[PDB]
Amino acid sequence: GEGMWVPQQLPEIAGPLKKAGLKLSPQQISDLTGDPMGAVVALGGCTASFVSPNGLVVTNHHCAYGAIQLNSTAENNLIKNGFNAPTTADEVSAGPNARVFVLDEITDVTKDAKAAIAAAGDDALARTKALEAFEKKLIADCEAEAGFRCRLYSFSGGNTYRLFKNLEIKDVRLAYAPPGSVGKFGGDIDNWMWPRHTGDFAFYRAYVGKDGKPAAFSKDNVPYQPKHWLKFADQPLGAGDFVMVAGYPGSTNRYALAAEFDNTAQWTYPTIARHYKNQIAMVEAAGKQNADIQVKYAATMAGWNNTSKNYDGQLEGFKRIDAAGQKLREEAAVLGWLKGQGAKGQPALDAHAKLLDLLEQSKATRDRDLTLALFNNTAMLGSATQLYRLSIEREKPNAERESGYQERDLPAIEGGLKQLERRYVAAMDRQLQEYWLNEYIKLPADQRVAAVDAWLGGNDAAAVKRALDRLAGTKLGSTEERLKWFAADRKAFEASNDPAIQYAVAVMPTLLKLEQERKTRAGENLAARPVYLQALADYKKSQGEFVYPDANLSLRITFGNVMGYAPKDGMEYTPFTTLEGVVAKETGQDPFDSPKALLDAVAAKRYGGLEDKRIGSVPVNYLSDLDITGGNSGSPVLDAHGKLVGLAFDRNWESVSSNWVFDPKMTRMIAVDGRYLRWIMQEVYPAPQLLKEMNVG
């Protein structure tokens, strides 16, 4: 059911947990470094878990896609063919920015953080700077111990703050991925859909240095030895069974204002979705005629497709359940309720009006702000602006440098400059510059930027062509040139003839003021948001309701049962899909083109000892009433005894609106069964060494 529960709410949900079927004590689950929660890790945007004492990590194929794509070329395409390392020495690096974060400690710093903010007094921009200075000093102290990275989380709009300390594993390697025809069976046609028939899993291995401390890639590193790992279920998972997920959901907007909902639904989603579809259509065309572009843009294309399809789904979802109507009605009840406590409620109603003025200021420049951000996120312009901003921050002491630009951030910056090599083709990138210059032109001068106007030197197609031809002269298309500018000082940038660099130097002043503007609004948000949200929580508690914070990239627990749903009258989706259903979808062409060994093993009924007697076949995917969002991919699904019964990877079509307004009837998680993963690895694309390591072969 509904709820992304923080672990410190386990006491509250210990009862609901038992009634749903949890057989372990809630006590054992609240041990975040014990069995089995201590096996659960964060990847940065995905979840994973340890499944052997020698550092083997299981996650989704789509979470591993970036790493697999970084190790692919037109002639040796791992996305297409899969990868299997017979020995740990054949494992390839997942890239320099790949991480595994192992939770060590959590601390409440709420009082301290609130005191730091309070001291800034009644100046918005000063409140943001005071929180940033608090966070930096807190982080530098937490990170003093070698091999740990830390993170400060804000919950419920600033009402609670907790500090997470993680062991940061820095050498992560790809150990197995099934071919893409399994890992992403059905492609974008089946994405966000049930019925689903997709083997969305893959495996990494975590490595540390010989002294046991984390270190960057080296052939002298050895497997990490986790204190906790997961074991495969010994009991068959069936309809109605208890399941639970632990992982790192990124973002939900359930407690937002009705008008923030309106703005997202009416402007942000249709605008982003349109842009992504435009860029999809360009890069698809180039890739049909150029297999280098196709492989180098594949991870990017997977993201555009995923996000745009999500946004379409949410908009359909909003209509279906009248989300505008529900937000409007519930916000009346809340306002109504506060007005009837007079002076007690007054802080919260002031908070409310302030929030709407912050919304209006941001709406006033929405078009400029989105368009400029996305133009500056093309490869050469993103490189030049990032690298020049770094040269400006290098002139300050580390403690005053902007977050993203301190010493602790230098390894990610350098890594990203090298990964870029595998995701850039000059001719493709030129077309994307072109698209974004056309979108810039089509702003009213109302939403325009003095420095870009000046730098373009004209407002027409001729000006766009000139810009394109000017920027074609950059040297930043080579990794080595990027790395040179990575170490150069600000005067060197300022003297450069590189046309991408000159663009960065021309726009930087504007970019910093725009950033100052954002920090000012955020500083107002810091005063108003926590007051409003406390009062929203106080209201919900009056209605006797469930209370949990919106997702914010921290560790959450969701629980419930295996079950289908009814998409319309006369029909019901069943909880499981099966092998025969994979084959019934076969067309011989992308994306319904299973490997031949899958086709044969299913026509022969080679179930490998994995048949669930109740369904008469090996289960492939299953539905449940768990509550997940982006960031939960790769999370282990555990049964009543805390054993592994699958991996979370998607949500059904009708549920994706649940990010804003929850719908219990049609909100389900889609997971890949642990038996399908075993079956693929025994019968289709075999990896008997991994099966043996996990004590299932």
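Don't overthink the numbering: it's just position in the shown sequence, from 1.
Look at the C-alpha B-factors of 579-587 and of 441-449. On average they run higher in 441-449. On average the C-alpha atoms of 25-33 have higher B-factors than those of the other stretch, with 25-33 and 643-651 being the two compared.
Taking only the listed residues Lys165, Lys568, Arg368, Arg422, the entry reports the highest CA temperature factor at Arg368.
Comparing the listed residues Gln314, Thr574, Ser624, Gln361, the entry records the largest Cα B-factor for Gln361.
In the deposited entry, the Cα temperature factor of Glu135 sits in the middle third of values across the chain's modelled residues. When the modelled residues of the chain are ordered by their C-alpha B factor, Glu683 lands in the middle third. Annotation for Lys227: CA B-factor lies in the highest third of the chain's modelled residues.
Placement of the Cα temperature factor of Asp357 within the chain: highest third of the modelled residues, per the deposited record. In this PDB entry, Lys129 carries a Cα temperature factor that places it within the middle third of its chain's modelled residues.
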